[PDB]
Amino acid sequence: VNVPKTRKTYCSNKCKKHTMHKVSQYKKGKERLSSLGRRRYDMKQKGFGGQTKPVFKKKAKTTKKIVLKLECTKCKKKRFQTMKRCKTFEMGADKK
Amino acid sequence: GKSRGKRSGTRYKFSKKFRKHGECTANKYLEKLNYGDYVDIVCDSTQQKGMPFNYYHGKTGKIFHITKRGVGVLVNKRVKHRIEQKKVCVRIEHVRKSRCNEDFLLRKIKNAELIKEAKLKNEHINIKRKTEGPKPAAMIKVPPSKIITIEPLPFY
Amino acid sequence: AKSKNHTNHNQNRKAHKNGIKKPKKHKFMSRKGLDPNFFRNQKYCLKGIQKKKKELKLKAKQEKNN
RNA sequence: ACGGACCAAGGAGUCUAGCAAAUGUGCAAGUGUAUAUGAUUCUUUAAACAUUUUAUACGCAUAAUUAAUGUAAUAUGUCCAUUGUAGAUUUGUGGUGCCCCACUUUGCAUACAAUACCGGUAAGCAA
RNA sequence: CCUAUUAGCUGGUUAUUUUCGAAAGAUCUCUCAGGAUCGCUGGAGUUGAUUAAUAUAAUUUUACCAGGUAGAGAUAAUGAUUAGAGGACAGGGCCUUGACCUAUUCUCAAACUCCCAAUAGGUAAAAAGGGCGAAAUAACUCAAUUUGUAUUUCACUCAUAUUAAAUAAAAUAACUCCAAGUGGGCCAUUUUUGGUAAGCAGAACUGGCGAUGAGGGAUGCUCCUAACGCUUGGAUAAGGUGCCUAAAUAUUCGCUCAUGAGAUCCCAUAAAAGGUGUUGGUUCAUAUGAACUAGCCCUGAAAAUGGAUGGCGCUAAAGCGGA
RNA sequence: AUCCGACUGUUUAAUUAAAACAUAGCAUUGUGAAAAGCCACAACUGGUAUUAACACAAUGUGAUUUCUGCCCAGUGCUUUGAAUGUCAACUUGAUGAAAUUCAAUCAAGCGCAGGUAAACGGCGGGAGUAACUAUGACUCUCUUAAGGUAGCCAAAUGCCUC
RNA sequence: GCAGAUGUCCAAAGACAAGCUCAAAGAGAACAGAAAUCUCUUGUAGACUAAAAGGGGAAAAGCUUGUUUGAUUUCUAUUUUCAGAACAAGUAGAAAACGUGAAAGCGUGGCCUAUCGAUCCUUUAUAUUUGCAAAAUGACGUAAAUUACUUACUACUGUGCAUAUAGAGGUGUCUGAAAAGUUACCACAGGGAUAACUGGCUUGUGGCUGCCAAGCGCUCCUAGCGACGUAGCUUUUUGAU
RNA sequence: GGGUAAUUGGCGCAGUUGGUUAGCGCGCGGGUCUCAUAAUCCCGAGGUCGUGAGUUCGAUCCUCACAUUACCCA
RNA sequence: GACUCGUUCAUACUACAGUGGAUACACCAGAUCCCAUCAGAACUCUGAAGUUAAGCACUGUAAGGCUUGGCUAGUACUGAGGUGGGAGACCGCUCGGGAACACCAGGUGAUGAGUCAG
Ligand SMILES: [Mg+2]
Ligand SMILES: [Mg+2]
Ligand SMILES: [Mg+2]
Ligand SMILES: [Mg+2]
Ligand SMILES: [Mg+2]
Ligand SMILES: [Mg+2]
Ligand SMILES: [Mg+2]
Ligand SMILES: [Mg+2]
Ligand SMILES: [Mg+2]
Ligand SMILES: [Mg+2]
Ligand SMILES: [Mg+2]
Ligand SMILES: [Mg+2]
Ligand SMILES: [Mg+2]
Ligand SMILES: [Mg+2]
Ligand SMILES: [Mg+2]
Ligand SMILES: [Mg+2]
Ligand SMILES: [Mg+2]
Ligand SMILES: [Mg+2]
Ligand SMILES: [Mg+2]
Ligand SMILES: [Mg+2]
Ligand SMILES: [Mg+2]
Ligand SMILES: [Mg+2]
Ligand SMILES: [Mg+2]
Ligand SMILES: [Mg+2]
Ligand SMILES: [Mg+2]
Ligand SMILES: [Mg+2]
Ligand SMILES: [Mg+2]
Ligand SMILES: [Mg+2]
Ligand SMILES: [Mg+2]
Ligand SMILES: [Mg+2]
Ligand SMILES: [Mg+2]
Ligand SMILES: [Mg+2]
Ligand SMILES: [Mg+2]
Ligand SMILES: [Mg+2]
Ligand SMILES: [Mg+2]
Ligand SMILES: [Mg+2]
Ligand SMILES: [Mg+2]
Ligand SMILES: [Mg+2]
Ligand SMILES: [Mg+2]
Ligand SMILES: [Zn+2]
């Protein structure tokens with residue numbers, strides 16, 4: 001799968017028209033230490049009881065979905081669009 | 001594993017007949033349909049849009065919705081102790097004006113004039129159809145020369 | 001250890017115990033998702049008809065009492 | 001295939017909490033006198049009787065919807081009580097025997113739909 | 001002592017008559033000896049019909065629709081497959097052979113098809129409707145303030161007492177509520193998969209057994225007749241009429257003799273191959289030869305306690321095929 | 001005459017008295033002390049210990065005779081350390097209004113570099129070739145950390161096997 | 001049971017329009033021959049269309065060109081499996097903004113039938129929509145007024161956290177627990193719903209008995225045998241259930 | 001997922017020191033003399049894990065491999 | 001006598017032959033301009049010297065195919081009943097339904113709306 005880095009398409013934020021967008025790949029981002037769930041888990045793990053929550057081990061998949069990140073160039077607002085799961089994926093390459 | 005897909009078991013049902021392949025005729029697109037008409041569902045496999053499901057091939061229903069190139073049909077279907085109404089949405093190439101109703105219409109149009117005349121001359125006529133029944137006696141004339149005698153055949 | 005795994009013996013005997021039921025054959029159905037731009041117009045038509053009918057009814061109630 | 005040598009006595013779907021459906025009873029936009037207090041109540045009575053000398057204890061119901069700040073059911077032209085199809089009962093004529101028919105009058109309950117309005121969300125416009 | 005700990009698993013669970021009456025399928029499940037959920041059952045209550053009507057129907061008729069199974073085909077396509085015939089790349093030196101082509105020829109297919117049944121399915125057969133003519137509303141549609149299309153009114157008119165084809169102890173109907181038990185099945189005729197087969201394993205449509213007794217099959221959960229309040233008479237079904245055992249040693253035609261006869265659904269075993277036993281029939285040869293055919297009988301035909309047309313027995317049948 | 005155990009000794013009270021256990025002999029390991037080795041205790045304190053390497057503690061094998069081969073790649077145990085990668089709390093700085101956020105620093109352990117088999121254990125295939133056949137001293141070739149040595153055998157250890 | 005396939009692949013192999021016609025065969029042309037390039041004649045698809053198999057396709061759904069990003073944002077009526085519950089995969093439409101084409105039209109991924117995932121938690125996006133429990137934080141902003149606790153106006157107001165709505169990170173035992181062995185020292189509740197004997201149905205395998213006649217028997221089918229085939233019996237083998 | 005190191009010629013290694021941006025031993029081909037071997041001296045070729053900079057480089061996020069130690073709520 | 005737009009989608013297709021030219025449909029004469037190629041072959045644009053040679057229309061052929069009827073044949077199969085026959089494998093009877101190849105014969109079209117010419 002090869003995808004170009006720019007794309008003219010419909011904008012759904014602040015200008016309901018076709019304009020020019022930029023295309024990249026979305027990344028997960030790191031879990032932050034002060035979120036409510038992580039504080040709950042960290043307080044539960046203290047004391048004298050061993051592990052308190054499940055830990056997954058039966059991995060089966062070998063790919064991930066490839067959600068794209070668009071961004072209007074007139075207004076600077078951003079939107080997500082998802083694709084089908086694949087193995088190799090390039091953002092801007094040589095044509096066939 | 002079991003294989004219950006959408007088009008399973010349609011090898012002979014969904015294929016064109018002999019020396020009759022090709023897409024539909026131009027007059028197919030001039031048919032007139034209204035709300036409440038009777039209609040037949042016959043799948044045409046040369047058009048892959050608006051394809052009806054396997055079961056509803058060869059069934060008859062009534063129209064409840066008309067669109068640009070589609071028709072909604074009300075069809076009965078039996079489910080294990082009851083009959084459920086289904087709403088089938090197909091494209092216009094898989095739709096045919098039903099012919100199951102024509103005897104009723106011809107009968108009404110024809111009997112109207114008979115009633116009009118009968119009341120005109122103050123008469124008592126019957127218009128209900130008649131079951132076929134027994135025959136009256138007749139005298140059948142045949143010369144003795146035309147009767148032929150037959151008997152069982154010997155085995156060879 | 002092994003047992004039966006499918007049959008439909010007896011099934012339509014139970015089915016015909018309480019007959020094969022039919023749909024109820026109502027007079028009107030709901031035009032909720034059906035053809036727009038044709039039923040909105042029908043709403044306008046029926047509003048006009050109702051306005052005329054009620055204007056006549058009010059008028060008659062106005063004369064009859066003098 | 002397992003239990004049973006014989007006889008008499010004993011021997012197993014109950015009680016409490018909390019919810020619902022069904023049915024009987026009382027009152028009804030309300031209903032239930034809580035804990036207490038009162039009395040010429042006091043063998044029975046640990047029962048029964050009473051309620052503080054334009055009248056704010058509390059529960060359930062009388063209004064919904066939204067995470068939420070909150071907002072909240074035709075609308076003043078008429079105390080009137082949205083619209084249609086079928087339909088119980090009533091009103092006026094005729095037909096065959098108070099009953100059933102053909103018109104006429106009214107239109108419960110309910111079934112199928114339409115419309116208006118209230119809370120949330122989209123869309124359009126926005127001090 | 002906590003403690004009468006817990007058990008999806010064994011065992012038990014106490015008066016009468018009367019009325020209705022099942023499931024052993026299906027979806028999900030750390031699910032396969034369990035459970036929830038739908039289906040099948042009981043009770044309660046309204047709305048209807050009581051007008052030989054309408055609603056209605058495991059049924060027909062009339063009109064119309066969809067199909068690729070039994071059969072068929074091989075010269076029509078695909079894939080298999082035997083043999084000659086007739087024609088214009090190799091073969092030693094204008095002929096082997098196999099080629100290539102053109103008409104034929106013997107034989108085939110769950111996963112082949114030019115064609116194509118019988119059974120089995122689906123829609124329709126008139127009044128809350130149909131037909132016809134005028135108007136009124138619309139922000140829809142159209143080149144159209146009439147182009148059309150829905151709706152709203154008004155006028156006219158469509159069989160009915162025989163009921164828009166037949167038949168109907170068709171309203172014993174329709175709907176809502178609250179709940180029980182069940183979720184190991186098996187068997188028979190017909191179709192049918194694996195297996196050499198099996199009282200084996202797995203499916204389909206009906207009817208049964210389970211949950212059910214009475215007459216018959218000697219005997220027997222499933223075969224035949226037939227389903228059940230207490231009686232008195234009458235006349236039968238399925239099967240029987242020599243005795244056991246109620247009723248014919250009945251009548252009227254043929255066949256059979258067995259030094260291991262035979263005696264009827266399920267059902268309780270028998271074959272290939274032979275006979276100069278006897279009874280009928282069909283052909284070829286100067287009233288004699290030959291070939292063939294099919295009825296009863298006989299040979300093929302060997303197991304363990306003493307035994308089984310149910311027993312006795314039965315041959316001018318009490319055996320087999322008819323009336 | 002063969003097999004096992006060297007011998008006297010011990011054992012499953014009530015189905016096994018033995019080839020099983022112990023034993024003398026042999027070998028290996030830890031420890032110079034009240035801040036040590038090995039072990040007990042909740043703490044405070046104890047056992048060996050009225051002891052001191054000819055000692056105390058932890059294991060294998062099992063009289064005498066004759067012997068005790070090769071392998072440190074795997075898993076254990078063990079030795080060296082600021083040249084050295086990773087690896088906590090604390091501490092120290094930077095920024096910020098502050099909570100946070102970020103960066104640095106010689107702990108032990110692993111890694112890096114060595115020892116050790118009377119530690120756990122382990123210890124190969126295919127072809128050709130000698131004047132009748134047969135065999136293969138000899139040769140070629142894959143290949144391991146090392147390729148079963150001295151001995152012994154159809155053995156209480158060999159399927160085929162009577 | 002039978003013969004197989006799936007956990008992928010594609011900025012084009014997605015969209016639209018135009019022009020064109022494929023496999024193969026025959027006969028001809030310098031090197032050139034069985035196979036190189038070129039001309040003609042026949043050609044109903046014998047080619048091609050990502051991947052199993054089935055269906056479809058000839059001024060096209062195939063080949064080549066030109067322009068593109070409808071593989072886009074929001075909502076409904078519904079089909080398949082079915083309890084007529086969720087996912088998932090489809091069909092018919094409506095409100096926006098676009099592409100292609102002269103135009104009618106066509107386009108909400110791949111000519112159709114497979115190619116996939118709950119609660120809780122985390123992560124990035126959107127908003128003139130909200131909260132952090134007695135209050136304030138843009139800002140004393142603008143206009144007045146004074147002898148200050150003066151007055152009237154304002155969509156847009158600290159860090160951090162929470163919350164609504166939309167994608168994503170995964171459960172293949174795929175309606176979704178965080179999980180290694182041994183018992184020849186053994187325990188309990190049960191099961192003939194289920195194995196290790198006899199008995200019962202079957203008789204493949206084991207054992208025994210037949211039919212036909214190529215041939216063996218110097219010569220001679222049948223004294224004694226009997227190839228290639230073919231019909232049975234038994235329950236002193238072993239299987240199957 | 002975190003930290004560190006390294007990837008350059010036929011092999012093995014230096015350059016990471018921006019206004020010079022590429023080097024050496026084994027190699028490879030020709031003379032030198034080597035009782036038939038030998039220290040041998042001149043030369044010719046041989047390239048930076050991949051895409052963009054307030055720039056003249058080896059200076060940036062990321063991405064593919066390799067090694068070591070350590071981490072784990074869908 | 002001809003033409004344009006359609007319907008049926010082979011009785012309309014295929015091979016080989018014979019006949020025809022008022023108008024009309026074609027073949028045809030050219031490349032400046034719109035346009036198009038390696039190539040004015042095709043496509044596009046401008047014409048009016050020549051011809052029925054071909055396209056096209058109408059006919060023929062013990063023509064192939066297609067299409068309708070007869071026959072194959074109450075044959076092959078099959079719904080219901082049977083205390084029917086037979087060791088079986090299989091096969092009749094009662095009440096019902098009913099094919100396909102092959103072979104023989106006849107045919108080779110018909111039609112809607114509008115227009116031109118003598
Ligand atoms: Mg189908
Ligand atoms: Mg028991
Ligand atoms: Mg007992
Ligand atoms: Mg109540
Ligand atoms: Mg409360
Ligand atoms: Mg408001
Ligand atoms: Mg303003
Ligand atoms: Mg107990
Ligand atoms: Mg009953
Ligand atoms: Mg055949
Ligand atoms: Mg059970
Ligand atoms: Mg019975
Ligand atoms: Mg018997
Ligand atoms: Mg009697
Ligand atoms: Mg008898
Ligand atoms: Mg008697
Ligand atoms: Mg003789
Ligand atoms: Mg008798
Ligand atoms: Mg001893
Ligand atoms: Mg010794
Ligand atoms: Mg002793
Ligand atoms: Mg003992
Ligand atoms: Mg002893
Ligand atoms: Mg010992
Ligand atoms: Mg010792
Ligand atoms: Mg080591
Ligand atoms: Mg260290
Ligand atoms: Mg040796
Ligand atoms: Mg040996
Ligand atoms: Mg095709
Ligand atoms: Mg095209
Ligand atoms: Mg395509
Ligand atoms: Mg599971
Ligand atoms: Mg599951
Ligand atoms: Mg264990
Ligand atoms: Mg059993
Ligand atoms: Mg046998
Ligand atoms: Mg000519
Ligand atoms: Mg012909
Ligand atoms: Zn924008």
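Letters A, B, ... mirror the listed sequences (proteins, then strands); counts begin at 1.
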Can you find a donor-acceptor pair, distance only, under 3.5 Å between [X] side chain and [N] base?
{"X": "A/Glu31", "N": "H/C73", "answer": "yes"}
{"X": "B/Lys116", "N": "E/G131", "answer": "no"}
{"X": "A/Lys61", "N": "G/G172", "answer": "yes"}
{"X": "B/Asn101", "N": "E/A124", "answer": "no"}
{"X": "A/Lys59", "N": "G/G172", "answer": "no"}
{"X": "C/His9", "N": "E/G207", "answer": "yes"}
{"X": "C/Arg31", "N": "D/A113", "answer": "no"}

Is there a Watson-Crick or G-U wobble partner for [N] with both distances under 3.5 Å, and which nucleotide is it?
{"N": "G/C132", "answer": "G/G160"}
{"N": "I/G96", "answer": "I/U78"}
{"N": "G/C116", "answer": "none"}
{"N": "E/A33", "answer": "none"}
{"N": "I/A41", "answer": "none"}
{"N": "E/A155", "answer": "none"}
{"N": "E/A323", "answer": "E/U251"}

Rounded to the nearest Å, what distance is computed from the [atom1] atom of residue [X] to the [atom2] atom of nucleotide [N]?
{"X": "C/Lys14", "N": "E/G39", "atom1": "NZ", "atom2": "P", "answer": "10 Å"}
{"X": "A/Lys46", "N": "F/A89", "atom1": "NZ", "atom2": "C1'", "answer": "14 Å"}
{"X": "A/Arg7", "N": "G/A11", "atom1": "CZ", "atom2": "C1'", "answer": "9 Å"}
{"X": "B/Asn126", "N": "E/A166", "atom1": "CG", "atom2": "P", "answer": "9 Å"}
{"X": "A/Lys65", "N": "G/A168", "atom1": "NZ", "atom2": "P", "answer": "5 Å"}

So [M] and [N], Watson-Crick or G-U wobble pair with both distances under 3.5 Å, or not?
{"N": "E/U176", "M": "E/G239", "result": "no"}
{"N": "G/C121", "M": "G/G232", "result": "no"}
{"N": "E/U276", "M": "E/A188", "result": "no"}
{"N": "G/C120", "M": "G/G57", "result": "no"}
{"N": "G/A168", "M": "G/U122", "result": "yes"}
{"N": "F/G9", "M": "F/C21", "result": "yes"}
{"N": "F/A94", "M": "F/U101", "result": "yes"}
{"N": "F/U84", "M": "F/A49", "result": "no"}
{"N": "I/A87", "M": "I/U44", "result": "no"}

Test item: side-chain donor near acceptor, B/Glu23 and B/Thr46, under 3.5 Å: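 Their side chains do not contain a donor-acceptor pair, so the 3.5 Å distance test is not met.
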Pair B/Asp40, B/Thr60: side-chain N/O donor-acceptor within cut-off below 3.5 Å: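 Yes, a side-chain donor-acceptor pair sits under 3.5 Å.
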For [N], does either OP1 or OP2 sit under 4.0 Å from a side-chain N or O belonging to [X]?
{"X": "C/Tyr44", "N": "E/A138", "answer": "no"}
{"X": "A/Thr63", "N": "G/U8", "answer": "yes"}
{"X": "B/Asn27", "N": "I/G6", "answer": "no"}
{"X": "C/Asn37", "N": "E/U141", "answer": "no"}

A/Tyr10 over G/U72, stacked by centroid distance under 5.5 Å, angle under 30°: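 No, aromatic ring not over the base.
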C/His16 over E/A58, stacked by centroid distance under 5.5 Å, angle under 30°: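 Taking the rule of under 5.5 Å and under 30°, the ring of C/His16 does stack on E/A58.
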Residue met sooner reading RNA chain E from 5', once B/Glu102 and B/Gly61 are mapped to nucleotides: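 It is B/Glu102, whose closest nucleotide lies nearer the 5' terminus.
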Closest-nucleotide 5' rank along RNA chain E - winner of B/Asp103 and B/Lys80: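 Closer to the 5' end of RNA chain E: B/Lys80.
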So what does [X] touch, heavy atoms closer than 4.0 Å: a base, only the sugar-phosphate, or nothing?
{"X": "A/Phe56", "value": "sugar-phosphate"}
{"X": "B/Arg4", "value": "sugar-phosphate"}
{"X": "A/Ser35", "value": "sugar-phosphate"}
{"X": "A/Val3", "value": "nothing"}
{"X": "A/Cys86", "value": "sugar-phosphate"}
{"X": "B/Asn111", "value": "nothing"}
{"X": "B/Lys77", "value": "base"}
{"X": "A/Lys44", "value": "nothing"}

Salt bridge between [X] and [Y], side-chain N to carboxylate O under 4.0 Å?
{"X": "B/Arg91", "Y": "B/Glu93", "answer": "yes"}
{"X": "B/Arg99", "Y": "B/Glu102", "answer": "yes"}
{"X": "B/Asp103", "Y": "B/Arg107", "answer": "yes"}
{"X": "C/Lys53", "Y": "C/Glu55", "answer": "no"}

P gap between G/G141 and G/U128, integer Å: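 Their P atoms lie roughly 27 Å apart.
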Minimum side-chain heavy-atom gap B/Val73-B/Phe64 below 4.5 Å: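 Counting from C-beta outward, B/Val73 and B/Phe64 never come under 4.5 Å.
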5'-to-3' dot-bracket of RNA chain D (Watson-Crick, G-U; under 3.5 angstrom; crossing pairs as [ ]; | other strand): .............................(((...(((..........)))......)))...((....))..........(((((.....((((....))))......))))).............
Residues in contact with RNA chain E, drawn from residues 73-85 of chain A - heavy-atom cutoff 4.0 Å: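 When residues 73-85 of chain A is checked for heavy atoms under 4.0 Å from RNA chain E, there are no hits whatsoever.
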RNA chain E-proximal residues of residues 5-15 of chain B, any heavy atom under 4.0 Å: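 Going residue by residue through residues 5-15 of chain B, the ones with a heavy atom under 4.0 Å of RNA chain E turn out to be B/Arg11, B/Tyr12, B/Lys13.
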Per C/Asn12 side chain, nearest of listed nucleotides E/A58, G/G56, E/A128: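 Side chain of C/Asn12 sits closest to E/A58.
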Six-membered ring stacking of D/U33 and D/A34, under 5.5 Å, under 30°: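 Not stacked, because at least one condition fails for the base rings of D/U33 and D/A34.
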B/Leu30 atom CG, neighbour heavy-atom count above 12 within 6.0 Å: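 Check passes, neighbour count above 12.
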